[PDB]
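Note: ideal-geometry Cβ built from the backbone for every residue, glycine included; neighbour counts use all protein chains shown. Laboratory data are not the source of any read-out in this text; all were calculated from the coordinates shown.
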Amino acid sequence: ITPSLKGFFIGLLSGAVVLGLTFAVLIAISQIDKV
Amino acid sequence: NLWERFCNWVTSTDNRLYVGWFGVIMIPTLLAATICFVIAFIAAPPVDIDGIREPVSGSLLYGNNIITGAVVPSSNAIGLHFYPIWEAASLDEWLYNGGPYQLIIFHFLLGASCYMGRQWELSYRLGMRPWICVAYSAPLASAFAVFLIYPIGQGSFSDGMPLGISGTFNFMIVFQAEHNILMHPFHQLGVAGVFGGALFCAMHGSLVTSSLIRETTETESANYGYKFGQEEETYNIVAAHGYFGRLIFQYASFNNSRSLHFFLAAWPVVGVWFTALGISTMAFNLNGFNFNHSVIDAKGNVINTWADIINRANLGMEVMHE
Amino acid sequence: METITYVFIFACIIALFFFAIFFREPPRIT
Amino acid sequence: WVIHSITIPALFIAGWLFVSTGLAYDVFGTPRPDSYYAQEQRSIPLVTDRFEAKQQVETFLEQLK
Amino acid sequence: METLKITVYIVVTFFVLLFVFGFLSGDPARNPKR
Amino acid sequence: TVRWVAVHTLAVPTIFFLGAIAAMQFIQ
Amino acid sequence: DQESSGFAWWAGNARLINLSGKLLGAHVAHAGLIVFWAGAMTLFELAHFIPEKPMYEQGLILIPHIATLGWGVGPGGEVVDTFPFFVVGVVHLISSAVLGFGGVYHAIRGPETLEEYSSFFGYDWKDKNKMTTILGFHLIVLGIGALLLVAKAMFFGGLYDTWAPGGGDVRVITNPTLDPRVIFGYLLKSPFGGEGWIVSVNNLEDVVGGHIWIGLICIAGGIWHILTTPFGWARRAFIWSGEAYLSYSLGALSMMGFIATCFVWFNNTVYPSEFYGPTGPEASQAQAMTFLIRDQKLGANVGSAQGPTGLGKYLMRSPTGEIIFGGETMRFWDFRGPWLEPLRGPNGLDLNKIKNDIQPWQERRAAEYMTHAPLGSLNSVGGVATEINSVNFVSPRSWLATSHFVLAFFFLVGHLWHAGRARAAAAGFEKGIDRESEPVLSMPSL
Amino acid sequence: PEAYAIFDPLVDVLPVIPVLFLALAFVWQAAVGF
Amino acid sequence: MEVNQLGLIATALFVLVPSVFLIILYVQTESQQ
Amino acid sequence: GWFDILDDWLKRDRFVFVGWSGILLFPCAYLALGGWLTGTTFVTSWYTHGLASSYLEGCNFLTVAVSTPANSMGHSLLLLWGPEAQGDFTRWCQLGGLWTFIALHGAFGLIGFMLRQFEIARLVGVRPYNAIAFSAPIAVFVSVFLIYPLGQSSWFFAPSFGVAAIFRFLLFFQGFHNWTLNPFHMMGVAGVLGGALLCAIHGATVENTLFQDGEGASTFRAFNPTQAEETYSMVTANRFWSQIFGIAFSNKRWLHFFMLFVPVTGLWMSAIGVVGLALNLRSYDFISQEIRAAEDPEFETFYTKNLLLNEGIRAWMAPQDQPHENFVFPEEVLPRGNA
Amino acid sequence: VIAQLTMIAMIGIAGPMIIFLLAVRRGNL
Ligand code: CLA
Ligand code: CLA
Ligand SMILES: C=Cc1c(C)c2cc3nc(c4c5[nH]c(cc6nc(cc1[nH]2)C(C)=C6CC)c(C)c5C(=O)[C@@H]4C(=O)OC)[C@@H](CCC(=O)OC/C=C(\C)CCC[C@H](C)CCC[C@H](C)CCCC(C)C)[C@@H]3C
Ligand SMILES: CCCCCCCCCCCCCCCC(=O)O[C@H](COC(=O)CCCCCCCCCCCC)CO[C@@H]1O[C@@H](CO)[C@H](O)[C@H](O)[C@@H]1O
Ligand code: HEM
Ligand SMILES: CC1=C(/C=C/C(C)=C/C=C/C(C)=C/C=C/C=C(C)/C=C/C=C(C)/C=C/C2=C(C)CCCC2(C)C)C(C)(C)CCC1
Ligand SMILES: CC1=C(/C=C/C(C)=C/C=C/C(C)=C/C=C/C=C(C)/C=C/C=C(C)/C=C/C2=C(C)CCCC2(C)C)C(C)(C)CCC1
Ligand SMILES: CC1=C(/C=C/C(C)=C/C=C/C(C)=C/C=C/C=C(C)/C=C/C=C(C)/C=C/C2=C(C)CCCC2(C)C)C(C)(C)CCC1
Ligand SMILES: CCCCCCCCCCCCO[C@@H]1O[C@H](CO)[C@@H](O[C@H]2O[C@H](CO)[C@@H](O)[C@H](O)[C@H]2O)[C@H](O)[C@H]1O
Ligand SMILES: [Ca+2]
Ligand SMILES: [Fe+2]
């Protein structure tokens, strides 16, 4: 695990999570306002 | 009577091309411009801009693609003087000093003006609200600006636009050198005026094509279903309204076509007027503000903001021209 | 050679104009 | 009409300070009005190559006069 | 050269002369309505 | 709700940059 | 009123077409502004004004006018006492205070229509008589002032002089030139290069003698119209109606602009290059001579010479018998300024004479016009076009010609706008094409 | 002039107020409300 | 003056073939009953 | 209805309309704008171009923008962590990585707008000539800001996202790439103008033909948008233009579709040229005249005069514009006129 | 400046005031 690889890992790791977290918010919110 | 009958024929609308009273100037002058143009464009003796040195061949017969070929404007030696045929000593003298330029633009302009009216005096005789001639002022403003006006600021038609596809490019660049037109605000609106014209031209073109009440089969062309003279509405506003009304917030959708189409025609026009003002502002040497040494350190060194790069490039060009 | 192509190309333009103005099929009403 | 006499003033003053405090300087790394040319040596501290710049920007900034 | 001078004058004078009377004679009278 | 989330997350930073604009013009 | 009787608000002024009582309220108020603006700039400029330096240096668009009538100027363009400048501006302000006050009075408490309170003042747009009656009075009044100029020219004080045998400043004209030979035939000159149309006006006394005619022509005009009534050929054309009157006004007013654009930019006679700044043609002209003298001064003879461009270093021989400057300046060999012409000999410049005949003012002044060659930016970044951040100005002579042009341009459009709406209105279909019967609907189909 | 020496803002801005009339028209439309 | 020797054929084919292809389609349409 | 309930929520009716694309768009878009302003105010361009244009220095509105990472910084994407930034924020702004932050977040945002411009349709029923029309800026944006830099030594060559920035990018072509004469760019100037022109001429004609549905002089409020017949007679407008310019449009359909066409086709045929110019295939000296120019100096065309101009721009602009190259030109060497 | 600036702010604010007083009066418009 060199600097680049480790560094790159950090990006995607938090990156994906951030992207994935949005989905939860949307998913949850929708469930909240069920017509 | 002959006159009363003749007058009735000019005004008459049955003609395949309407010639109003403005057509009495328009038709002969333009037809005289073109004839003396295309010829002069094809065969121009190597018109000289400065009697000192350098003849310029913008003619088509001499080794010129359409791109490079242009009618050279009049020389500086001739200055701004009215320089018709007979006033010039010899015919070849009248060509060698750049006569045909000064001949075309006069008949062209004085032709272009009467055209602006000819659109009017037709509209008056078809019984329709006549504002087209207002809209047409925008190009005609630009025409007078670059052809007639700007050289007056320079006192010579030499600095006027050489008319041709390379000639025009040469003009702007050199014009950019001296007056720094890019940073000028009036031009910076003219850009908006042109884009937003092209922009709106796409949307108002798109949204209405998007919504078409379907009289056509899928195999058949979609256009042909429109019958010239349909008193049905060919395009749903209710459908297309909410479209743009959903795409962005519903408040701005311009419910009213009569409200829209006007705004459609105000944006490009008013955009262009400022340019023909932006030029005339330049022709008098009132230039675009160039922010220069806007930044400086405590040490007196020049932090050299972008505008300086442009300020240099222009400073580069002007030396090149002379 | 060079020039004579341009005049030719430019000619057919004009020969289109005069041709396209007068000879268009009138789009009748209804 | 309630907290809009509170939020805006307290918040707008923050932006006022980060300029006044100059906190924005070392946050965004903008040069300071006196800081361009360390010593005299008038030349562009132009960052050059990769896998360096983090260290190379240090050099230009290191001197600072 | 010189003959051309007077010629242009005559020709230009003619149109412009032919031009004004069109309006100086009953131009508004020519229109769909009145 | 929905609308509030728009302006709040948009115009709020605007008020925060206006500090930077003004408080700058008095530097130097 | 509201749109119900009328049209929409953004255009809402033309709701006034049929209300004369409101209409006077408009103009008198509007005229009030123009007056008020006039004196304002006067005082506004007077506060920031520096009497020592020249006027064009100050960025000053008005005081030159007042000065040009010879008040507080002094010889040498001295600008002696500013108090006459002060009196002019403040008086217009006080005058405006009356105007708008009246303008308001007709705007509100004044009668909404004048057809009753005063039948004399009452007028109908469509009437071709009582209106023409009005056209007389103004044309009389407007003709009075023209004479009232000459009252300044021939009698009270004296007007500015462009060309005096020295100093070029102040003279009271004795004999004005008047006759159709040089007056009516004057405007008959070509507009183009080398002969101005009205822009030549070599002699001052032209304008005075000229305004005499325009003085005595207009006074005839009123007396003509007051005692007359439109003829047949008039009635058949011109579309008598509320709009058209405005439409005609524009066209005239427009073409006036382009003329006014032309004077300020070229004519040195009326606007003295001295305190209006040097004319564009003179600028490069004078600069070309300062280079000439500075080199001719020291160990060099420029008379018979060639340049790197081949035309010579300074002097050339025009196709005309006169010899001129070279460089870009050759495009202006027509210019004759107060300083240059005496330096000129029978044909062109007399080189031997050029060296000797220089004055203390000329060379200095001719060099003073070197720094200012009309140029500059909207933020006023001056010097030669690409010269970098030095000598920042825009010569006021360049402002007017720019300004009035842009305005004059619009009024062409304006003229071409109302003239459309005027005639179409009279034609009745201005309201939009009629859906019942389309005029095109039944026509021979080509 | 020295008798008038100070009215700073008044003499500083007279000329802007003519523009203000155009602006007034809109406000005078605003209350009227189109 | 000197020129691309074959450049002339370029124009001709670029003029005629697209042109012709529009005619042929058109003359057909004219024959539609 | 797990996935289901999510759907209807996105597709519901609210103030604005957040579609599936909205998830992609607003975050990606709001950062682009949200980034640009920040980089505009604070982040300098100094260590990159050696010349500071940014809002917190003295610089105005027009002359500020976000410059580009330098040439020897290469084509790297400059992520926030990265090898180079190593997760350090400050040096990630100074290197101009914020630039790339704008482009990429912009592009996807720019895409996300396009998709929205679809997702509206299928739940409305309009035909999607809107999105398709919008592909022209896409091509222009992608070609200029993405394909063109990649055809160069690094990101350094690209518009800097500013008012004045784009200008030093304009003359940048005229001097080097001789752009005006590139024919693919002449098709563009056709399109734009041809768009602007016909934009104005349509809006004028239909505004000059109105059936007079209302009373008052001003006809705007005169329009009632209820199941009406065409608000303006095509019959008049047709016979109108046919007698002046000579050729008219008889199809409301064929007209508008021709509006959509020209601006679009105007840009694409320009977006081709730029790509062709990313490779430095730039349209340039005609072999005919050049060789002829070698047969005499006196022969001159408004072409030949441009080559001097394009020559001067290069030499003068070069040292400032491209400090990384470390150009020093002597004085006499600059291709000055009068020589 | 500031003194002068204050003088300018005070010197011509009759526009809005005029309308407000008139609005309160419900005079004519
Ligand atoms: C001689 C002066 C004059 C006079 C008295 C009139 C009189 C009239 N015109 Mg008119 N007009 C004139 C010149 C004149 N015109 C010119 C020169 C033009 C061409 C520009 C026009 C174009 C014109 C149009 C297009 C219309 C009129 C209309 C009218 C009628 C109502 C007035 C109106 O709409 O106000 C309206 C007042 C406003 C809209 C407020 C002004 C807002 C503008 C945008 C101000 C911008 C100017 C400013 C300097 C730029 C911004 C400042 C900058 C610092 C940013 C009235 C009969 C209307 C009509 O139908 O007539 C019957 C109408 O629609 N005029
Ligand atoms: C600047 C020139 C000007 C002038 C002189 C006028 C004048 C007028 N307009 Mg008007 N208008 C203008 C520009 C102008 N307009 C512009 C630019 C627009 C477009 C924005 C309009 C749009 C417009 C509409 C839509 C209408 C008018 C109407 C009117 C008339 C009646 C207005 C009214 O009821 O006043 C009443 C005014 C008040 C109740 C308060 C006004 C504020 C006061 C007068 C301020 C006093 C000025 C100053 C501070 C004091 C000076 C006096 C001092 C020495 C004591 C009036 C003659 C109306 C009309 O058709 O006429 C009947 C109408 O419907 N105008
Ligand atoms: C001046 C050029 C120009 C601008 C600014 C512009 C802007 C716009 N056009 C749109 C639409 C369109 N444009 C169209 C045709 C055209 N548009 C054109 C030219 C432009 N169009 C041209 C020339 C054409 C062809 C004639 C069509 C057909 C459409 C639409 O359908 C659509 C519409 O309906 O309008 C509302 C909108 C979509 C914006 C968006 O999705 O934002 C969201 C995207 C974001 C936030 C990405 C960020 C933007 C880029 C990547 C980065 C910007 C960098 C900084 C933010 C600022 C840079 C600083 C500058 C000074 C350089 C927007 C209002
Ligand atoms: C060398 C320089 C060349 C310069 C070129 C200048 C003209 C170019 C204009 C742009 C192209 C034409 C735009 C309309 C296209 C169109 O679609 O017009 C069609 C025929 O037009 C054409 O075939 C245009 C052919 C050439 C036009 C000649 C113009 C003459 C001008 C004389 C000036 C006198 C002062 C007919 O219209 C449509 O035709 C049918 C289409 O389905 C339907 O009838 C539609 O409803 C509609 O009527
Ligand atoms: C920390 C900053 C802020 C807080 C905590 C705050 C608080 C709130 C809250 C809780 C609401 C919803 C409840 C209600 O409407 O009474 C609201 C509504 C609103 N506030 Fe704020 N506010 C802030 C800043 C702002 C700003 C900068 C604006 C600028 C215009 C603003 C304008 C509004 C608007 C327009 C609404 C209506 C929201 C909607 O219609 O959906 N607020 N505010
Ligand atoms: C010289 C002089 C002077 C004086 C002045 C004068 C003498 C002037 C005049 C002028 C004038 C006196 C002008 C005139 C012109 C003309 C015109 C411009 C007019 C108008 C009208 C018309 C043009 C008409 C129209 C029409 C037509 C054309 C056609 C038919 C229809 C109608 C009728 C509508 C002075 C002192 C200043 C200075 C010096 C010089
Ligand atoms: C970079 C970055 C970022 C971003 C940020 C943001 C998000 C920002 C914000 C954004 C925004 C969202 C902001 C806003 C602002 C705004 C402004 C600042 C504006 C201003 C305006 C103006 C200035 C205007 C002006 C004017 C005019 C033009 C006319 C009239 C008058 C007036 C004055 C109004 C983040 C953190 C994410 C991440 C990291 C990095
Ligand atoms: C003081 C004085 C005086 C008087 C004067 C006057 C009285 C003036 C007036 C003034 C004026 C006349 C003013 C006005 C006002 C205005 C304003 C304050 C403006 C502002 C703005 C506005 C409010 C606008 C609005 C809007 C907006 C904001 C947006 C949208 C659109 C509109 C347009 C709606 C005298 C002479 C004795 C001298 C001494 C001192
Ligand atoms: C309304 C339309 C009116 C159009 C009017 C013009 C129509 C006339 C067309 C005649 C064209 C004659 O075309 C003529 O071709 C020859 C050779 O091909 C060109 O000649 C070219 O090659 C020859 C050698 O072959 C060289 O000596 C010459 O210097 C070079 O220009 C002429 O420059 C061109 O004029
Ligand atoms: Ca001050
Ligand atoms: Fe359309």
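Summary of computed values
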{"read-out": "Output for region B:1-58, where each listed residue is touching a residue at least 12 places away in the same chain (Cβ under 8 Å), more than 12 Å from chain J (Cβ to nearest Cβ) and polar (S, T, N, Q)", "value": "B:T11, B:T29"}
{"read-out": "Pair list, Cβ under 6 Å, 6 or more apart: region B:186-214 residue facing another protein chain (nearest Cβ under 8 Å), other residue among the charged types (D, E, K, R) and surrounded by fewer than 22 Cβ atoms within 10 Å (Cβ to Cβ)", "value": "B:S210/J:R127"}
{"read-out": "Residue in region B:94-108 that is of a type in the set (S, T, N, Q) and either away from chain G (no Cβ under 12 Å) or more than 24 Å from the chain's Cα centre (by Cα) (or both) present", "value": "yes"}
{"read-out": "Candidate set: chain F, residues that are of a type in the set (F, W, Y) and within 11 Å of the chain's Cα centre (by Cα); chosen: the one farthest from ligand 8 (Cβ to nearest atom)", "value": "F:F16"}
{"read-out": "J:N238 being farther than 28 Å from B:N15 by Cα and part of a helix (DSSP H, G or I)", "value": "no"}
{"read-out": "Search result, residues across region G:410-438 that are farther than 14 Å from E:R34 by Cα and more than 7 Å from every other protein chain (Cβ to nearest Cβ)", "value": "G:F410, G:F411, G:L412, G:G414, G:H415, G:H418, G:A419, G:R421, G:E436, G:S437"}
{"read-out": "Residues within region H:6-34 that are part of a loop (DSSP other than H, G, I, E, B) and over 21 Å from G:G32 (Cβ atoms), tallied", "value": "4"}
{"read-out": "Pairs where the first residue, in region F:1-25, is away from ligand 1 (no atom under 16 Å from the Cβ) and the second is among the polar types (S, T, N, Q) and assigned to a helix (DSSP H, G or I), C-beta under 6 Å, 6+ apart", "value": "F:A20/J:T41; F:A23/D:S20"}
{"read-out": "Members of region B:278-311 found to be more than 26 Å from J:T40 (Cβ to Cβ), touching a helix residue (DSSP H, G or I) at 6+ places or on another chain (Cβ under 7 Å) and in a loop (DSSP other than H, G, I, E, B), listed by number", "value": "B:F284, B:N285, B:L286"}
{"read-out": "Residue that is surrounded by fewer than 22 Cβ atoms within 10 Å (Cβ to Cβ), touching a strand residue (DSSP E or B) at 6+ places or on another chain (Cβ under 9 Å) and either touching a residue at least 40 places away in the same chain (Cβ under 8 Å) or facing chain B (nearest Cβ under 7 Å) (or both), where the choices are J:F286, J:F257, J:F299", "value": "J:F299"}
{"read-out": "Flag if B:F284 is away from ligand 9 (no atom under 16 Å from the Cβ), more than 7 Å from chain J (Cβ to nearest Cβ) and farther than 21 Å from J:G203 by Cβ", "value": "yes"}
{"read-out": "Residue in region B:312-322 that is surrounded by the fewest Cβ atoms within 10 Å (Cβ to Cβ), counting only those that are part of a helix (DSSP H, G or I) and facing chain J (nearest Cβ under 7 Å)", "value": "B:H321"}
{"read-out": "Top-ranked residue in region G:172-224 [being hydroxyl-bearing (S, T, Y) and closer than 30 Å to B:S158 by Cα; ranked as nearest to the chain's Cα centre (by Cα)]", "value": "G:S200"}
{"read-out": "Residues located in region G:63-83, provided they are farther than 23 Å from G:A31 by Cα and outside any loop (DSSP other than H, G, I, E, B)", "value": "G:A67, G:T68, G:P75, G:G76, G:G77, G:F83"}
{"read-out": "Single match in G:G299, G:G307 (criterion: among the small types (G, A, S), within 20 Å of B:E322 (Cα to Cα) and assigned to a loop (DSSP other than H, G, I, E, B))", "value": "G:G307"}
{"read-out": "Flag for G:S96 being away from ligand 6 (no atom under 16 Å from the Cβ), exposed (fewer than 15 other Cβ atoms within 10 Å of the Cβ) and either away from chain H (no Cβ under 14 Å) or of a type outside the set (F, W, Y) (or both)", "value": "no"}
{"read-out": "Residues (more than 7 Å from every other protein chain (Cβ to nearest Cβ) and not aromatic (F, W, Y)) located in chain H", "value": "H:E2, H:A3, H:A5, H:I6, H:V16, H:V19, H:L22, H:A23, H:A25, H:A30, H:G33"}
{"read-out": "Matching residues in region G:168-189 - criterion: being part of a loop (DSSP other than H, G, I, E, B) and surrounded by fewer than 16 Cβ atoms within 10 Å (Cβ to Cβ)", "value": "G:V172, G:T174, G:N175, G:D179, G:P180, G:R181, G:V182, G:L188, G:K189"}
{"read-out": "Index of the failed condition, B:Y101 passing every other in (1) surrounded by fewer than 20 Cβ atoms within 10 Å (Cβ to Cβ); (2) of a type in the set (F, W, Y); (3) closer than 17 Å to J:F302 by Cβ", "value": "(1)"}
{"read-out": "Which numbered condition J:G162 fails, given (1) buried (at least 21 other Cβ atoms within 10 Å of the Cβ); (2) without any contact (Cβ under 8 Å) to a residue 24 or more places away in the chain; (3) more than 7 Å from chain B (Cβ to nearest Cβ)", "value": "(2)"}
{"read-out": "Residue ranges of helices (runs of 4 or more DSSP H) in region J:1-96 with at least 3 members farther than 27 Å from F:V12 by Cβ", "value": "J:2-10"}
{"read-out": "Looking only at region J:183-217, and only at residues there that are buried (at least 17 other Cβ atoms within 10 Å of the Cβ) and among the polar types (S, T, N, Q), the one that is farthest from G:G432 (Cα to Cα)", "value": "J:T205"}
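Okay, residues lined up against (1) crowded, with 17+ Cβ neighbours inside 10 Å; (2) touching a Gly at 6+ places or on another chain (Cβ under 8 Å); (3) farther than 21 Å from B:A276 by Cβ:
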| residue | (1), (2), (3) |
| --- | --- |
| G:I354 | yes, no, yes |
| G:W361 | no, yes, yes |
| G:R365 | yes, no, yes |
| G:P374 | yes, yes, no |
| G:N379 | no, no, yes |
| G:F409 | yes, yes, no |
